[PDB]
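Read the structure below first, then the notes.
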Amino acid sequence: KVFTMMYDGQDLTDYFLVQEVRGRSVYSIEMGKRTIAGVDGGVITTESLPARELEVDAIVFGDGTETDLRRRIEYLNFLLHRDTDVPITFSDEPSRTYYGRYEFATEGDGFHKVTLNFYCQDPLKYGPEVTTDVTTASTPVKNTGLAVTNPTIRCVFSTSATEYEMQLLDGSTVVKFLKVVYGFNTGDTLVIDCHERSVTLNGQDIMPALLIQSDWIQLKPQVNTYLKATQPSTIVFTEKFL
Amino acid sequence: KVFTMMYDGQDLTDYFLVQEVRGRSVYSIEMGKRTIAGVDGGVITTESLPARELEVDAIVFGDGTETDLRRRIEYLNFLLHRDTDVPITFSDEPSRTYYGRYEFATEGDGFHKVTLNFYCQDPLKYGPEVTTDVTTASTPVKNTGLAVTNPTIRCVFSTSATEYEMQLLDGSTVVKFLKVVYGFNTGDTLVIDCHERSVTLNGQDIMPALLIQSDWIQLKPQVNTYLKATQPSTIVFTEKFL
Amino acid sequence: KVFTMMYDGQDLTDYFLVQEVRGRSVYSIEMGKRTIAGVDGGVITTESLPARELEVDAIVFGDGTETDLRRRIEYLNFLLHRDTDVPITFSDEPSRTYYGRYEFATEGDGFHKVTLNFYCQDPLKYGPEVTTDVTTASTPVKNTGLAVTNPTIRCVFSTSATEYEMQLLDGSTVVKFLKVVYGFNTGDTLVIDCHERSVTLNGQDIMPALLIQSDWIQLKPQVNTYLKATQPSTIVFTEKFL
Amino acid sequence: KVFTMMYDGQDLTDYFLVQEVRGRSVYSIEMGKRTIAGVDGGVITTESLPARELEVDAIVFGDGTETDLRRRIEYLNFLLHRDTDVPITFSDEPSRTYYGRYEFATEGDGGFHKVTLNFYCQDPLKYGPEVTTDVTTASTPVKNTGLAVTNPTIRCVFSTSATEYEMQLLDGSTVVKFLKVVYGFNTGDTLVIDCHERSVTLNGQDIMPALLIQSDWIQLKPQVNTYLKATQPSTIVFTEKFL
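Right, dumping it as structure tokens:
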């Protein structure tokens, strides 16, 4: 049972042997610094997380023959070239998914050492998704991840509806909220924040219902978020890490 | 009793082992030099203290397992990423605080060597704050720090007032003064030489009272500053070092 | 939960930090080679396992002060100097004990890198001890270790005895046997194939009873050893590895 | 289909990954040189093939865990330590067997552990496919298809009665060497092994006195015919050998 790397659901480690994986240690920060002549110090103007570069140091294991090796590489190119971000996973870190695509290779020097470089537009790893029940009272919802997350609201109606609201609060003060005036019974409303949609009874997008520009929610990490809904709801967020 | 580093009140050394801390030796100076062809020498046009970069060389002590290490780093990222300057301290230098934020890491190659780089907008280390009483007689006020400070004159009235004054003298000759034309009893005035503001009864602005360009006062280091106030005052400064 | 090294039941890793432990990889073999001029090839004359040298690469974590460090090393010397072989263990390999003693250090050059060298007279690591019951029928006894063992046959009599025997068979053919001519009831016999001794009623020597050169028995690794005793016996061996 | 290395019938490459195998290139020769002061040149006094050292440069592939790695190495030691020469084979060179045993390892440096394993071969030669040729009652050419000198094996299953069995190595019509035996009978198989230097009957009973007079064992030179003639239709079996 060796170290496995999965790229778009393909086990790449069936084609090569992984020496080391750089790109997942202490993350760095892009800072905009501005300095003025004669004035001591500097000033941080901007701060952002750079995109992630995963660098896999591999050994392409040869099939004895030379033509067999040439053909393995051709196939490896087939598996790697992607025009869309893709789920990347490592066996040493379960419950974690990276989303990026292969970018470039740097060939090193008995056999074939290669550094495969993968680019991730979204610098964050995505972990297990957590489902919490939200009652008609102030409910604490703790974001177990280490980064701020956007949650999916889910309410499968028990009684008739007129106006559905998922209010966020600070003790007893409504900070942000989500409102929908379309009412019915027995079906599932689905307010996702990562993709920003509004599904119904059996999956139809009811976008006109979001009346006022009701603020998109976020769950801060290692801290409770107090939520109160009109009807017994469900909050699903996905744990995220840098 | 190991070497501890505190970042925003978090003991980072619970996550890594400190080899060495660069960034706190003989400070360098940014100088604007201008030279003219045919003219001997150069001319310093500007001089400023650059911002401070603290470089901590650490060993991330592993928890035996590989996934345990990946998760420790994830948490380390959580503790480090800050969007606001923060108090930084080292056990080897007590009564000293740096204000900055983590910026970037450079990983090296048995175990896991990392350089953590912290950026300080304010290049100065802040020491203990000193409060000295200034009497209605020439009072020596010694700035115990190693950098020039712009203090705060605080006076809480005992008797009635017609005009307040705080004077910086040279034996018996008024060098600078801070005359104020607004009087009352029982309330607090705060003359801030850093912020360049006036406060009465503890809140509201009294900017027009400082009549004539009533010179602002500074406290030079390792040297006495003689001050005489019209009413028993207090002088608040914080020791600073490069 | 850091990597712990135990030396004579003392946790040495309370005094230093382990970078790496060399000395426990693919073992080498001392071979006596003899060559004759004009004669092709060589001849292995002798083969033996060299003694083991464990080399621990450590960082002596300082207590901030200089005198504190000098005193920690003094204490470290106290814990290390031994005039008798001692049990050595590493957290990464449980159920394994090395028997040796500290020999010498080679200091390297932020902090204090040291190689501690431990000498093991007995090159083998000792694992869990296994006790298997041997019946009056052909019993398979599997040596779970990776090295050949000379076990101990233990029999505590239930009925009267005239002659005891423990036989090593190949299906139904007695390969070796351990016949003993001295009988009684209620007491314990211990036939030690390592020490080559005989014990009755738990203490006294019964060496002349093993009549004919009644062959000594060994347990080969990863393989069954079929044994049949004249009375319900017990076979005690300790798993060993290189 | 990776590069496989077999040691005593155990696939060692199930435990490690082979970077390179040194020890099987142009073989060198041990030469005894003697020189005399004032006399130009030197004199070769002895010449012998040194024993072979095979050097396998491997990567021990880890099982993720640290304890799992420690236990793999322990097992690898179990598979390697031998007190007897053993058949060694490499997938890149089929129809070839080396006979030696593991001797010593020399370690090296992230998430994988580089090792050179050194194997010692008392017999410096590789053993290839074995060839069976029929030898008639007339001068028979027997060609040694190997690249080194071989010590063959003569097998003769009697059709008629015997008084004396002879195997003569000739040069046209001149007996250079020969192998006779005074023991006669019918219907059974006789075996003369020039490698092991053994005399064999039906159930392999030693006929030690058979090699009577210095009736020498002979050898088959490579890429060249060896002319043999037997008293009773025989069979010669030799094994191809290479340096």
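Residue numbers (the entry's author numbering), protein chains in the order written: chain A, 9 to 117, 121 to 253; chain B, 9 to 117, 121 to 253; chain B', 9 to 117, 121 to 253; chain C, 9 to 117, 120 to 253. A prime marks a further copy of an entry chain. Note that beta-carbon positions come from the ideal geometry of N, C-alpha and C, so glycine has one too.
Looking only at DSSP bridge pairs, what is residue i linked to?
| i | result |
| --- | --- |
| residue 164 of chain C | C:202, C:246 |
| residue 218 of chain B | Answer is none; residue 218 of chain B lacks a bridge partner. |
| residue 108 of chain C | C:94 |
| residue 56 of chain A | A:38 |
| residue 136 of chain B' | B':252 |
| residue 151 of chain A | A:237 |
| residue 67 of chain B | B:25, B:124 |
| residue 175 of chain B' | B':191 |
| residue 15 of chain B' | B':18, B':96 |
| residue 181 of chain B' | B':184 |
| residue 232 of chain C | C:154 |
Roughly how many whole angstroms lie between the Cα atoms of residue i and residue j?
| i | j | result |
| --- | --- | --- |
| residue 150 of chain B' | residue 107 of chain C | 36 angstroms |
| residue 79 of chain B | residue 111 of chain B | 20 angstroms |
| residue 178 of chain B | residue 234 of chain B | 17 angstroms |
| residue 188 of chain A | residue 248 of chain A | 17 angstroms |
| residue 173 of chain B' | residue 196 of chain B' | 10 angstroms |
| residue 194 of chain B | residue 202 of chain B | 14 angstroms |
| residue 91 of chain A | residue 18 of chain A | 16 angstroms |
| residue 140 of chain A | residue 221 of chain A | 25 angstroms |
| residue 142 of chain B' | residue 66 of chain C | 38 angstroms |
| residue 122 of chain C | residue 124 of chain B | 18 angstroms |
| residue 213 of chain B | residue 162 of chain B | 17 angstroms |
| residue 154 of chain A | residue 206 of chain A | 19 angstroms |
| residue 156 of chain C | residue 136 of chain C | 10 angstroms |
| residue 70 of chain B | residue 32 of chain A | 15 angstroms |
| residue 252 of chain B | residue 37 of chain B | 15 angstroms |
| residue 48 of chain A | residue 27 of chain B | 30 angstroms |
| residue 83 of chain A | residue 127 of chain C | 33 angstroms |
| residue 52 of chain B' | residue 171 of chain B' | 51 angstroms |
For a contact defined as C-beta to C-beta under 7 angstroms, what are the partners of residue i on chain C?
| i | result |
| --- | --- |
| residue 28 of chain A | 120, 121 |
| residue 14 of chain B' | Those do not exist, as residue 14 of chain B' stays about 16 angstroms from chain C at its closest Cβ, beyond 7 angstroms. |
| residue 62 of chain A | The premise fails here: residue 62 of chain A is roughly 15 angstroms from chain C at the closest Cβ pair, so nothing lies under 7 angstroms. |
| residue 42 of chain B' | Correct list: empty, because the minimum Cβ distance to chain C is about 10 angstroms. |
Anything in chain A within Cβ reach of residue i, meaning under 8 angstroms, just list it in chain order.
| i | result |
| --- | --- |
| residue 99 of chain C | 72 |
Does the beta-carbon distance from residue i to residue j come in below 7 angstroms?
| i | j | result |
| --- | --- | --- |
| residue 242 of chain C | residue 168 of chain C | yes |
| residue 12 of chain C | residue 99 of chain C | yes |
| residue 144 of chain B' | residue 245 of chain B' | yes |
| residue 238 of chain B | residue 134 of chain B | no |
| residue 200 of chain B | residue 184 of chain B | no |
| residue 46 of chain B' | residue 54 of chain C | yes |
| residue 29 of chain A | residue 68 of chain A | no |
| residue 182 of chain A | residue 250 of chain A | no |
| residue 105 of chain A | residue 114 of chain A | no |
| residue 94 of chain A | residue 22 of chain A | no |
| residue 204 of chain A | residue 228 of chain A | yes |
| residue 191 of chain C | residue 175 of chain C | yes |
Between residue i and residue j, which are expected to be in contact by the criterion C-beta below 8 angstroms, what is the C-beta distance as a whole number of angstroms?
| i | j | result |
| --- | --- | --- |
| residue 24 of chain C | residue 232 of chain B' | The pair is not a contact, with the Cβ atoms about 20 angstroms apart (cut-off 8 angstroms). |
| residue 147 of chain B' | residue 240 of chain B' | 6 angstroms |
| residue 59 of chain B | residue 50 of chain A | 4 angstroms |
| residue 216 of chain A | residue 209 of chain A | 6 angstroms |
Using a C-beta to C-beta distance shorter than 7 angstroms, which residues of chain A count as neighbours of residue i?
| i | result |
| --- | --- |
| residue 9 of chain C | 71, 72 |
| residue 65 of chain C | 121 |
What residues of chain C sit near residue i, judged by a beta carbon separation below 8 angstroms?
| i | result |
| --- | --- |
| residue 252 of chain B' | 82, 85, 86 |
| residue 102 of chain B' | 75 |
Under 9 angstroms Cβ-Cβ, which residues of chain B neighbour residue i?
| i | result |
| --- | --- |
| residue 157 of chain A | 82, 83, 85, 86 |
In chain B', what lies closer than 7 angstroms to residue i by C-beta?
| i | result |
| --- | --- |
| residue 127 of chain B | In chain order: nothing, as chain B' lies at least about 14 angstroms away. |
| residue 207 of chain C | Chain B' residues near residue 207 of chain C: none, gap ~16 angstroms exceeds 7 angstroms. |
Listing by chain order, which chain B residues have their CB less than 7 angstroms from the CB of residue i?
| i | result |
| --- | --- |
| residue 179 of chain B' | Within chain B, no residue comes near residue 179 of chain B'; the closest Cβ sits about 43 angstroms away, beyond 7 angstroms. |
| residue 48 of chain A | 56, 57, 134 |
| residue 51 of chain A | 132 |
For the ligand PLP, is there any heavy atom lying closer than 6 angstroms to the beta carbon of residue i?
| i | result |
| --- | --- |
| residue 101 of chain B | The ligand PLP is not part of this structure, which contains no ligands at all. |
Which chain B' residues are close to residue i, counting only those with a beta carbon under 9 angstroms from its beta carbon?
| i | result |
| --- | --- |
| residue 25 of chain B | 25, 67, 69, 122 |
Can you list the residues of chain B' that residue i reaches, using a CB-CB cut of under 8 angstroms?
| i | result |
| --- | --- |
| residue 112 of chain C | 36, 37 |
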